[PDB]
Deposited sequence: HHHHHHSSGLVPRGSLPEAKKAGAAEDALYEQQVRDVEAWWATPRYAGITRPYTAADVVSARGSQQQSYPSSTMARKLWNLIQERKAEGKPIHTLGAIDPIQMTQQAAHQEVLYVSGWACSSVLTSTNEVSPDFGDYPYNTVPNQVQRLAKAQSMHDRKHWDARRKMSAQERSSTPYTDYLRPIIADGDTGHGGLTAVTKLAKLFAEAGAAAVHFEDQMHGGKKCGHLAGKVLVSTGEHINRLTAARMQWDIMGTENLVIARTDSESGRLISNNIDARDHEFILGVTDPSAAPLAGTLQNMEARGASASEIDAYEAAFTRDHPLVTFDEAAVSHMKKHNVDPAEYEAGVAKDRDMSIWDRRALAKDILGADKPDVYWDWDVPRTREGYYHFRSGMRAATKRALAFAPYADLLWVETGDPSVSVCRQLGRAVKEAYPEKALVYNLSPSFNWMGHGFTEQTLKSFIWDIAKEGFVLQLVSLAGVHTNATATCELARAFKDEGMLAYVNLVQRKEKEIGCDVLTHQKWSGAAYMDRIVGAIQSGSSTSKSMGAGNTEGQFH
């Protein structure tokens, strides 16, 4: 039929699409029929998908060279226009949005607690400005001679946008709607982090995989090729919201002291009888001191050597199966111990927080494992590694390359770190970006760069303008703007006035 042919043609198309090199190694737990059944009859193309292909190709080219795509977080269209000739991509931060532009105009510290259309609205604001300045630029060039065009460098205002998706802002349907808004707004790529929606609390490995799968399916339904970026904060995240996933069990901490009674219960009982907030804090502090936390692997091997049993059989099994459940680990331990010896005591529930969070052994062991777990679901991997170290980066890069030799990584360049005070020289501060790009960190970003440049410039001017008036404005702004050749100096032309003049002249 008319509908049957269109359906069948799209199923064939989607299956072929997923077989292209763009999606080599990417796992999809759903089918092409699943996707086409959700599409309706109306096809639509999105500019973000052309930008996504531009970004994908740029990543492939720079990764092959061992070279960086390093950029600065931009908070407004002015910053976009001034980066366009220099940075090859544009980054949009949710931290920036939280304090400078929210969908409700209610700004706050970054808890990812703005309405979830906030960062997509900032993407749309930048993408529409990109299109305006590309149109102005194309109009300007058509007014030049053909040879003057060859003499003048082309400015590319259509740099692919990378945007912060936070944790996805709720359940899987929220993630699909957030991904939809981003593809509509213009984002070429979106990153999603393995923290709980609402210091840091991780979600299970499987929960985050499901978020990444939800974003991919929505873009598959839309027919767009936007890039999924998976971020993990398990290098520093000490709490996990959910113990259901066996791939996390080796990092969850528990007690070995059988005289420890569940902490959360004690704390609620205390609050019921009227105990002071400090008294609850004091007991919780003492409880952590009195009862040290270890992994079950650690408790088992300690129990075996204590009872004169070789742990090698256990250690081989957990090494062979990193993701062995706690249930199967206890089974393996008791067989090795046998009937005569007592069983390992270990309880991860007893020390849970008031919220019910479990304790988690953060570090690069957990972060590397999660990066590998996320790799078949993501186009780029973003691992927070702590303070900048070429050494740590090299280790992570090789660990990922040996399992997924084509996966590119992202690095978050800290704006606040004391580089010189922590071992760097001017030479090694300069080469850092290029040093880690050789190890596979292709996309690199100073998240809050546009916040800090803007704050510093206004701070300097505001103080001086109070006492020196227009002398301060000319010295600190007008003179400098002219010296460096900033094209906003002629603001009317910069804004596109000549472009609109021609259109109005054509209409009349």
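If a residue lacks a C-alpha atom here, it counts as unmodelled; so which stretches of the deposited sequence fall into that category?
Several stretches lack coordinates - namely 1 to 23, 222 to 229, 540 to 558, in sequence order.
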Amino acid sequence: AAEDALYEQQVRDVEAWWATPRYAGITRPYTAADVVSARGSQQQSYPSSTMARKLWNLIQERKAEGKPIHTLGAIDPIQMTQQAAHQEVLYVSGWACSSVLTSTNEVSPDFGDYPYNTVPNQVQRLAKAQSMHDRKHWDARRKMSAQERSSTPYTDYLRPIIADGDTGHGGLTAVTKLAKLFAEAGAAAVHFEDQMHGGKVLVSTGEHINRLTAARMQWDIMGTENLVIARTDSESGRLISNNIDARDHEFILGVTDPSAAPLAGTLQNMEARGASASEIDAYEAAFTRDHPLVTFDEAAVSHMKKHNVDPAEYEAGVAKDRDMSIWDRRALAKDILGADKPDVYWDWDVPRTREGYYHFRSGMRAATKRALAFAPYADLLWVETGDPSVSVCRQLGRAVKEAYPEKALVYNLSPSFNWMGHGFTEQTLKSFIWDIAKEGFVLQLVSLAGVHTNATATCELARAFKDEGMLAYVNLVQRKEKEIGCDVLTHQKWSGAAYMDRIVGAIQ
From here on, numbers count along this sequence of modelled residues.
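Mean CA temperature factor from the deposited coordinates, higher in 257 to 265 or in 145 to 153?
Per the PDB entry, the higher value belongs to 145 to 153.
Highest mean C-alpha temperature factor of the two stretches 325 to 333 and 338 to 346, which is it?
If you average the C-alpha B-factors of 338 to 346 and of 325 to 333, the larger mean comes out for 338 to 346.
Which is it among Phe360, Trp419, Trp434, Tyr91: the one with the largest CA B-factor in the entry?
In the PDB entry, the greatest C-alpha B-factor among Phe360, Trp419, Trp434, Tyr91 is found at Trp419.
From the list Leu158, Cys393, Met364, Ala282, select the residue with the highest C-alpha B factor recorded in the entry.
Of the candidates given, the C-alpha B-factor peaks at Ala282.
Sorting the chain's CA B-factors, does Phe111 end up in the lowest, middle or highest third?
As the PDB entry reports it, the C-alpha B-factor of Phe111 lands in the highest third of its chain.
Relative C-alpha B-factor of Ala498, binned into the chain's lowest, middle or highest third
Ranked within chain, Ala498 CA B lands in the highest tercile.
Looking at the C-alpha B-factor of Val175, is it in the lowest, middle or highest third of its chain?
Lowest third of the chain for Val175's C-alpha B-factor.
What third of its chain's C-alpha B-factors does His133 belong to: lowest, middle or highest?
It belongs to the lowest third of the chain when residues are ordered by C-alpha B-factor.
Which third of the chain holds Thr353 when residues are ordered by C-alpha B factor: lowest, middle or highest?
Its C-alpha B-factor, which the entry lists for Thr353, ranks in the middle third among residues of this chain.
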